[PDB]
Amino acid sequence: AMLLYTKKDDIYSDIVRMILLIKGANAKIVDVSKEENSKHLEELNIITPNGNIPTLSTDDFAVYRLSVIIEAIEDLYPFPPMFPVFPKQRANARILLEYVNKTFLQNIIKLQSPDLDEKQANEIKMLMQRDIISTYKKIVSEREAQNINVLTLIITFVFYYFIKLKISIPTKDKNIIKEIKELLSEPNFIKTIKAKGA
């Protein structure tokens, strides 16, 4: 019924795949890195300007902005909730999602590209280290057994890509490290991480 176009190590794809896993959604997931799916790649380029990844296409429409991929999924698949149920927290959450998107996710992708001036990269990593603890801190504050939230899920993926890019979390706090280790341990997260593009 539903189609998700993905790439093997895209934090965005990983996020949308986890969200689809947690929801009861069943969607065909296609990795356009693989030749075996070249047809799908061709199609992707037709239905989006740059053949963006990830793209979620219902039969009707196709979307590549993360925020509205998440929104569309949340409308099609209401349960379980990815967002707060009350307008203040829900709105502030939406702003936060946009913030994490600007600061960490986009930058993680920027880091993946090999054209980048090494020093330039080093800046980006450094900024990320600068804001990671504070961001994690707002996300826990907004959280105030509990359901997983879209912000916590995304931040789990952020910590996981920090690990991938050999970036070390700047905290001495014991509890924070226990918490981050605890996030990285969720079953769906690992389930998603094990199967790279699907």
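Numbers for residues come from their place in the sequence shown, where the first is 1.
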{"item": "Missing from the model but present in the deposited sequence, between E144 and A145", "value": "4 to 9"}
{"item": "118-126 or 89-97, whichever carries the higher mean Cα B-factor", "value": "118-126"}
{"item": "Of 7-15 and 171-179, the one with larger mean CA B-factor", "value": "171-179"}
{"item": "Selection by C-alpha B-factor (highest) of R65, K164, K138, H40", "value": "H40"}
{"item": "Position of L44 among the chain's modelled residues by C-alpha B-factor, lowest, middle or highest third", "value": "middle"}
{"item": "Chain-wide C-alpha B factor ranking for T156, given as lowest, middle or highest third", "value": "lowest"}
{"item": "Ranked against its chain, the third holding the CA B-factor of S134", "value": "middle"}
{"item": "Third of the chain's Cα B-factor distribution that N50 belongs to, per the entry", "value": "middle"}
